[PDB]
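Chemist: Starting off with a structure, shown below.
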Amino acid sequence: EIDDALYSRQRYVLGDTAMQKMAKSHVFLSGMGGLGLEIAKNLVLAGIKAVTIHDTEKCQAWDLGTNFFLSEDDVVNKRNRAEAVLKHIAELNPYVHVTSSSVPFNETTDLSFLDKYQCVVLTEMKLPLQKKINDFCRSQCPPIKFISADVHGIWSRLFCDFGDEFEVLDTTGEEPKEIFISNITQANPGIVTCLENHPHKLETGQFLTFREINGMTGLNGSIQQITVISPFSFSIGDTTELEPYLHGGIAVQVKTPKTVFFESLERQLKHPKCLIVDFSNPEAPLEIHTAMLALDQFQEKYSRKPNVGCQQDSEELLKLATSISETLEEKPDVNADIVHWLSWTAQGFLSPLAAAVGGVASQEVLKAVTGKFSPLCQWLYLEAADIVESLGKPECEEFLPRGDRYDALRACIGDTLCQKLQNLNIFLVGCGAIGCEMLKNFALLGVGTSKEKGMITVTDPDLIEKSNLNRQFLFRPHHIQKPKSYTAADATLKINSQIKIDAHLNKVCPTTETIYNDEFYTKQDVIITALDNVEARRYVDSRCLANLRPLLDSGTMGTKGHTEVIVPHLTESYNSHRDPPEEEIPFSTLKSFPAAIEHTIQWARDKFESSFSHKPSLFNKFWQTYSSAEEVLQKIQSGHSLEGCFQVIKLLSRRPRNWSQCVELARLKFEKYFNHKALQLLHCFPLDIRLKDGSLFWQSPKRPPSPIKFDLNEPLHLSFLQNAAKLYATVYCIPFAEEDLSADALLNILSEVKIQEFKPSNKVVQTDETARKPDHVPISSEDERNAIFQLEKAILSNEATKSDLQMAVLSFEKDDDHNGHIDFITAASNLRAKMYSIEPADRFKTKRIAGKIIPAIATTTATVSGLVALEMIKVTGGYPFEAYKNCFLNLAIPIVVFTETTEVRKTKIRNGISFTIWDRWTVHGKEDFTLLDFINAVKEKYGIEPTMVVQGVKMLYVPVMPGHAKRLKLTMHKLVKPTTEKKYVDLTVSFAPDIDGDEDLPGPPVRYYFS
Ligand SMILES: O=P(O)(O)O[C@H]1[C@H](OP(=O)(O)O)[C@@H](OP(=O)(O)O)[C@H](OP(=O)(O)O)[C@@H](OP(=O)(O)O)[C@H]1OP(=O)(O)O
Ligand SMILES: Nc1ncnc2c1ncn2[C@@H]1O[C@H](COP(=O)(O)OP(=O)(O)OP(=O)(O)O)[C@@H](O)[C@H]1O
């Protein structure tokens, strides 16, 4: 099977079929350089059955700056690189059988041994050898998937070749869409109309299936190719021979296999299918490909890479590139700058770019071994020329190696920028999947390793769980239930002994703002967020905007990822970007009229919360507010009203006393949820009732419920009964054993249970989507008397003791599979689904939807971490606006889009006065300084007269209010009454617009000093 506790988050990304295909697959990886190590790490974290790492190079001091598993002892002993890293790699995932190899590769090497590997990845291999290996691999039956990846300084090359014909079983991996049908016309071709404000969002040529269609019963169960006509309509083909449309209908998107044609590596070198990553330079990938091919030819010709600063070598490389360009089909122009920089940084190696390319290549390997997504076709050329482009023309002496571990990075970015990196003060927020990779990149780049000023602060309150080991490679199984930051710091210190780190456990929130005051942010140079929610992102961005400090943001949703770069005085902040809010499920839809499995899952989750967390909390709070039941009864008899008293009384009268009573209560709850509710709803609205227009009320998207008869033999009913009984026993503190969960024991208990007869009641049911949950309806006197009688009976029965007035409150924990929370939610959701004839969902989908688990995989995390590290380098260098690039990537397509970061927008108020979001105004005063003096000072310093003073919720001054015109004479200390904690106070000021009737135009925040 599949270890769900470890692969829970990856299971949603890939699927159990892809997971089973990931086993039984043997992957051969060669080179074990900086890039090969990243690829191997990502693959082992993914969970491939067996990986064979192979290398022949001996470890060197230069390798320490690129390999995060090597140590100085390995260099001393001159061990093989694969042998040295084999022990560490295997510990990442014990399920993976990792083996090392050292068989030499050359012209005469026999390639017969590669037939046992599904996929082959080659790094740091000579080009003719790659050609021969690819030719052998693609000619096998079945073809062996070939992937080649290389990194030379700041330039990278990625290649894929999955045989002549590769069968993709899933083009995108998105959830199939469901489109509700409004009306279908009998025509050749017929036209299908969707419901209003429900765009189908479909593409011409896709195949759809139909069900629950009245009139055209033939269309049910059939598959038709469609042509898009309008956002709410499309054509499916001839429908004249069918019966006229009545009502109803659901169309479901159908996924089909797709065939992708690749080509041999030898032929691809002349007509490359490069993937465009920057639409502003569509022809850049072709030029980069030409330059790298010229570099390979230079290596073949001279047996060495070009020397940095040797003009003759650069001229020779340019000549070779010019010669190569003519042989290309398109004959593109040779980019002198790209060739020159490739010559300059040929011998270097950039760690973040290596990590990004490793993530992409690992995703491609997974595509090769599973067919889950559309593979790359065929070349991907990532580059980081922006890092050195802003440097202009530096001297060669800044790039010469100096013997330390940072020679690889120095040969790329020069000594000056390396020194600037070592003195950074980085405040890294959150230490999740992205945080660990960012720490690894920091250790590789030497960030904060200086003994003078460098310092890294990482803060995180969570604890390590088993499911986190799949993505966060810095953690180990023995680290479970330990702080994330401490473990990450301990591991990073192992990676680079010189690094300075300072872990924290505080959660970044306004409650902890005292620790992370303004001075602390002033000390920091770069702030990086690895958060998973939105509110924390907005809070951190607001703090950074207040303190004028650059912020880097990133996030991953499965194969999707995005990076955002925020720079003071240059780019818009995160708060300036506002997405539409979350999709609120209508209250009427959730409560009474579900239409999809998501609605039932949400209803089950809310029912669980209300039954086991909210209601017990109310019960405990009520019984702690008052002494005992006698006092409450006396108050009620005197006419006193208490909040939620009747509900508490009802709960007390139904408290189970033993396991049998708990089972009976679960049975009654089942009957109420899935038998009485449907009958009540049908009684309120019969199946054949119609509206004023004559249309059936029970039409799409509403679905008519049907009662469910209890049956212990049904596995679903038994599962629900068991889970409900266990949860109720836990809440009411009733001991039980597994024998009590047996079907026979439950049947014996249920033999004596009498089922109360259902009786319909007159209740108002909200049907409009705009309706929401109303407040508490006042309770009639008869219900009050019933509650009084029940409470008196409980008191007289001596069942109101202290033990009876307390009951434990459960917390919804989803990762713990033995508590039965997810089992109960799944049982309730499926049972409700059968009530409304909705398709049931399995346990894992319910766990994902109810728990709001965000799918995530290691490869996307590594890629976004590498890109964020590149942007951090750019920020540290203080480069101009054009250098920074926001990134959005979706490896499922695959697609990578680099775009310029959003330019800061200037907002004008009056007389040409303009301000940015980064601007903050300062005012100084004294004790007798009045509001009129404040207005005069503002109009003097900035030329604009204030007309609106706000401090949060405080209403300070408006000239138009009838009675507050006198406030101009009031001093600040009396107008706002500020706290004495600080010497200044922040205010929000607006000015009257040039056109009357409009609200005063808000201005930049203004900080007023009391002295
Ligand atoms: O408190 P809620 O989570 O909103 O659930 C309540 C509650 O049902 P449970 O106690 O079974 O969870 C009501 O029962 P009381 O505790 O008030 O007796 C029940 O009312 P009825 O038993 O009278 O049907 C009502 O259902 P409704 O609003 O349809 O009357 C139902 O609400 P939901 O199940 O829709 O949440
Ligand atoms: N306000 C905050 N301050 C500090 N750390 C935060 C804050 N909000 C979230 N975090 C951290 O963000 C991290 C997010 O990590 P990640 O995205 O890998 O998921 P996770 O929390 O480990 O779990 P899962 O992926 O299962 O939801 C968590 O470790 C959490 O501690």
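Going through the structure tokens in order, the chains are called A, B, and so on, while each chain numbers its residues from 1 and the ligands are numbered from 1 in the order shown.
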Produce as JSON, numbers by chain the set of residues near ligand 1, where near means within 7 Å with only C-alpha atoms and all ligand atoms considered.
Modeler: {"A": [591, 607, 610, 611, 647, 669, 672, 673, 677]}
Chemist: At a cut-off of 7 Å and counting only C-alpha atoms and all ligand atoms, what residues surround ligand 2? Please answer as an MDAnalysis selection string.
Modeler: chainID A and resid 9 429:434 459:462 467:468 506:509 530:533 536 853:854
Chemist: Write the residues of the selection above to a file with N, CA, C and O atoms, as a short mmCIF file (atom, residue, chain, number, x, y, z; two decimals), in the first residue's frame.
Modeler:
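Final output, out_29.cif:
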```
data_model
loop_
_atom_site.label_atom_id
_atom_site.label_comp_id
_atom_site.auth_asym_id
_atom_site.auth_seq_id
_atom_site.Cartn_x
_atom_site.Cartn_y
_atom_site.Cartn_z
N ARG A 9 0.34 14.62 1.84
CA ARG A 9 0.27 15.85 1.05
C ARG A 9 0.62 15.60 -0.41
O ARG A 9 0.07 16.27 -1.30
N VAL A 429 10.67 34.33 8.11
CA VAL A 429 9.43 34.05 8.82
C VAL A 429 8.91 32.70 8.38
O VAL A 429 8.78 32.44 7.18
N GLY A 430 8.60 31.84 9.34
CA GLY A 430 8.12 30.51 9.03
C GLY A 430 9.23 29.60 8.57
O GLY A 430 10.14 30.04 7.86
N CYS A 431 9.18 28.34 8.96
CA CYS A 431 10.23 27.38 8.61
C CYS A 431 9.62 26.11 8.05
O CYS A 431 10.02 25.00 8.40
N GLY A 432 8.64 26.26 7.16
CA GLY A 432 7.99 25.11 6.57
C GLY A 432 8.81 24.48 5.46
O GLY A 432 10.03 24.41 5.55
N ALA A 433 8.13 24.01 4.41
CA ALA A 433 8.85 23.41 3.29
C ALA A 433 9.76 24.42 2.62
O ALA A 433 10.92 24.12 2.32
N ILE A 434 9.25 25.63 2.37
CA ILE A 434 10.07 26.66 1.73
C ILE A 434 11.18 27.11 2.67
O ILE A 434 12.30 27.40 2.23
N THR A 459 11.95 32.12 12.74
CA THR A 459 10.98 31.95 13.80
C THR A 459 9.82 31.09 13.31
O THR A 459 9.37 31.23 12.17
N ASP A 460 9.36 30.19 14.17
CA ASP A 460 8.29 29.27 13.83
C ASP A 460 7.76 28.60 15.09
O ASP A 460 8.55 28.11 15.91
N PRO A 461 6.44 28.58 15.29
CA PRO A 461 5.88 27.97 16.50
C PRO A 461 5.46 26.52 16.37
O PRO A 461 5.26 25.86 17.40
N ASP A 462 5.33 25.99 15.15
CA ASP A 462 4.82 24.64 14.96
C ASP A 462 5.84 23.59 15.41
O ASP A 462 7.00 23.89 15.71
N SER A 467 4.08 13.79 8.54
CA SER A 467 3.74 14.23 7.19
C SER A 467 4.66 15.34 6.70
O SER A 467 4.73 15.57 5.49
N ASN A 468 5.35 16.04 7.60
CA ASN A 468 6.27 17.08 7.19
C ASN A 468 7.59 16.54 6.68
O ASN A 468 8.33 17.26 6.01
N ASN A 506 8.45 32.16 18.59
CA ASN A 506 7.31 33.08 18.61
C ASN A 506 6.58 33.07 17.28
O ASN A 506 7.19 32.98 16.22
N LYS A 507 5.26 33.15 17.35
CA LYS A 507 4.43 33.31 16.16
C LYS A 507 4.37 34.78 15.79
O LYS A 507 4.13 35.63 16.65
N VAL A 508 4.57 35.09 14.51
CA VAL A 508 4.54 36.47 14.04
C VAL A 508 3.11 36.96 13.99
O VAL A 508 2.36 36.63 13.07
N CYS A 509 2.73 37.77 14.97
CA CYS A 509 1.38 38.29 15.09
C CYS A 509 1.43 39.53 15.96
O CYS A 509 2.42 39.75 16.67
N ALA A 530 7.82 32.50 4.48
CA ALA A 530 7.50 31.14 4.10
C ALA A 530 6.17 30.71 4.70
O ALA A 530 5.98 29.55 5.06
N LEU A 531 5.23 31.66 4.80
CA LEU A 531 3.96 31.43 5.46
C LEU A 531 3.04 30.59 4.58
O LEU A 531 3.30 30.36 3.40
N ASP A 532 1.95 30.11 5.18
CA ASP A 532 0.95 29.34 4.46
C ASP A 532 -0.42 30.00 4.41
O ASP A 532 -1.28 29.54 3.65
N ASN A 533 -0.67 31.04 5.20
CA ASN A 533 -1.95 31.72 5.22
C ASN A 533 -1.79 33.13 4.67
O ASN A 533 -0.70 33.54 4.25
N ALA A 536 -1.31 36.46 7.99
CA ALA A 536 0.07 36.66 8.42
C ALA A 536 0.88 37.35 7.33
O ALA A 536 1.73 38.20 7.63
N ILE A 853 -6.50 20.78 3.57
CA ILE A 853 -5.10 20.45 3.34
C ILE A 853 -4.68 20.97 1.97
O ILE A 853 -5.31 20.65 0.96
N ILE A 854 -3.62 21.76 1.94
CA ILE A 854 -3.08 22.30 0.69
C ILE A 854 -2.10 21.27 0.13
O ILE A 854 -1.09 20.99 0.78
#
```
Chemist: Could you work out how far CA of residue 792 (chain A) lies from CA of residue 650 (chain A), giving the answer in Å with one decimal?
Modeler: 12.1 Å
Chemist: Which polymer residues have any atom within 8 Å of an atom of region 470-475 of chain A, counting only C-alpha atoms, with same-chain residues fewer than 3 positions away left out, as an NGL selection string?
Modeler: :A and (6-7 or 10 or 45-46 or 92 or 432-434 or 436-437 or 464 or 466-467 or 479 or 487-488 or 491-492 or 856-858 or 861)
Chemist: Which is closer to residue 818 (chain A) than all the others in A:727, A:802, A:415, A:317, using only C-alpha atoms?
Modeler: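 The shortest atom-to-atom distance to residue 818 (chain A) comes from A:727.
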